[PDB]
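Asker: Pasting in a structure now, in structure tokens, and then I'll have a few things to ask.
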Amino acid sequence: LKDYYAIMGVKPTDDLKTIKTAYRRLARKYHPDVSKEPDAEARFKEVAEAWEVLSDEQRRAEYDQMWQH
Amino acid sequence: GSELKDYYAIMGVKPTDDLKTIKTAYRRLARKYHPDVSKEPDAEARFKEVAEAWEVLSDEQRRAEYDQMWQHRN
Amino acid sequence: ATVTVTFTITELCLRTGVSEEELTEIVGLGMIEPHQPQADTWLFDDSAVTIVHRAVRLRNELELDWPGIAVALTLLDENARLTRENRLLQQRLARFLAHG
Amino acid sequence: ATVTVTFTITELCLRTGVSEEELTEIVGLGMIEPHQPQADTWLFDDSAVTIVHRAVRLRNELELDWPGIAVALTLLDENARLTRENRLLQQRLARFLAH
């Protein structure tokens, strides 16, 4: 199990607006067409996967459950 | 002894267009004429004119005044 | 089997997943153009569909509003063009240096 | 031994004319960084002022919201890098032709 919130540098209690700002920052940092980082592919892979889950209310709800047990 | 330009024609919009529409046209023209990407030979001069039109049309008070002056020119 | 494919606003919206309101802004921003801009009905070539799909992908990947997407795509394409030009100049210099 | 004068988001707002709410988004977008991001009170240095001024100029020029400005500035930094490289390569070609 991955810590999606750590990957995105947000708190488990943050709202969608805050997580989206974080996605924007991290996509700018690590997107393959924008990044100058040596580990861009690896880091963007983890960020895009986390955002895929956290951006969706239902997906985020089940992830939260799954992380407690 | 002054100048009065056709700001609506400069921005490619109609005198009746709302602010949202005019702002979209500004965005389009600024992207077209931006010095780092523009493939237009007169980009600097064209953008200057666009910025002048937008400076007026984005201000609802200035716009109202311009409309009155333009409409009634002889 | 050459063909010309034409979409109405509604057909284009269905093909690309963008709303009619978003399509209006995308047109206003100069990202695509209908056959006749001031015609009473906008019609789009399928070349426009391709452009909208690309912009939709970038909107998803960077989460920018449409004006930011239009600009980002323009800069990406200019940078890609310069990158190609730089590679060409590097090759030309190598060719010159080989000639002596 | 090296000293960097810092100041509040309120002072950052005063120096830039950008509201504290907007400055908070600009921080969130990673355009500027407070000295201690986790500290109860964010403090910034003069370089944050320089970055915000450049961003304001681009906002006036292109009328993008802050996320679009952040990306545009990054891509423009890349454009300038490629342009410097283009010029250096052109100079090397001239140097060859003149030898």
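Laboratory data are not the source of any read-out in this text; all were calculated from the coordinates shown. Positions of Cβ are backbone-derived with ideal geometry, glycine not excepted, and every protein chain shown enters the neighbour counts.
Asker: Taking neighbour Cβ counts within 10 Å as the exposure measure, how do A:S55, C:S19 sort from fewest upward?
Answerer: Ascending number of Cβ neighbours within 10 Å: C:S19, A:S55.
Asker: Related question: I want to check the label-to-label distance for C:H99 and D:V56. Put each point 7 Å from Cα in the C-beta direction and report it in nm to one decimal.
Answerer: Distance between label points: 5.3 nm.
Asker: Shifting gears a bit: Treating only the Cβ of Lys, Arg, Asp and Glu as charged (+1, +1, -1, -1), what charge dipole size does the protein assembly as shown show about its Cα centre? Round to the nearest 20 debye.
Answerer: I would put it at about 1720 debye.
Asker: Choose one of D:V71, D:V49, D:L82: the residue whose Cα lies farthest towards the positive end of the charge dipole of chain D (beta-carbon charges +1 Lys, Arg; -1 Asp, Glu; about the Cα centre).
Answerer: Result: D:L82, furthest along the dipole toward the positive end.
Asker: Would you calculate the convex hull of the Cα atoms in chain C and tell me its volume per residue in Å³?
Answerer: Cα-based convex hull of chain C, divided per residue, equals 156 Å³.
Asker: If neighbour count is taken as other Cβ atoms inside 10 Å, put C:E61, A:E62 in order from fewest to most.
Answerer: Lowest count first: A:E62, C:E61.
Asker: Quick one: which residues, 5+ away or cross-chain, put their amide H under 5 Å from the amide H of C:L43? H built at 1.01 Å from N.
Answerer: Here C:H35, C:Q36 satisfy the definition.
Asker: Could you give the length gained by full extension between B:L4 and B:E60, i.e. 0.36 nm per residue of separation minus their alpha carbon distance, to one decimal place?
Answerer: Once the chain is fully extended between B:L4 and B:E60, it gains 18.4 nm.
Asker: I want to verify a result. In a Gaussian network model of chain B, Cα cutoff 10 Å, which of these has the top mean-square fluctuation: B:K14, B:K39, B:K23?
Answerer: Maximum among the listed residues: B:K39.
Asker: Enumerate the whole-percent occupancy of each 10 Å bin, from 0 to the last occupied one, for all C-alpha pair distances of chain A.
Answerer: 21, 53, 22, 4
Asker: What is the average number of partner chain Cβ atoms found within 10 Å of a Cβ in D:30-42?
Answerer: Shielding by partners across D:30-42 averages 1.
Asker: Still on this structure: Give me a single rounded figure for B:14-27: the average over its residues of other chain Cβ atoms within 10 Å of their Cβ.
Answerer: 3
Asker: Summing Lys, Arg as +1 and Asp, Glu as -1, what charge do residues with Cβ under 12 Å from the Cβ of A:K45 carry, A:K45 excluded?
Answerer: Local net charge: -3.
Asker: Let me ask another. For a 31 Å ceiling on Cα separation, which of these pairs sit above it: A:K11/B:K32; A:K45/B:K23; A:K29/B:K23; A:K29/B:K48; B:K20/B:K48?
Answerer: A:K11/B:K32; A:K45/B:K23; A:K29/B:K48
Asker: Hey, another quick one. Going by C-beta contacts inside 10 Å, put B:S2, B:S38, B:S58, D:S47 in order with the fewest on the left.
Answerer: In order of increasing Cβ crowding within 10 Å: B:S2, D:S47, B:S58, B:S38.
Asker: Given a cut-off of under 8 Å on Cα pairs at least six residues apart, what relative contact order in percent is computed for chain C?
Answerer: Across chain C, relative contact order equals 24 percent.
Asker: Give me the distance between the Cα centres of segment A:49-63 and segment C:56-79, rounded to whole Å.
Answerer: 24
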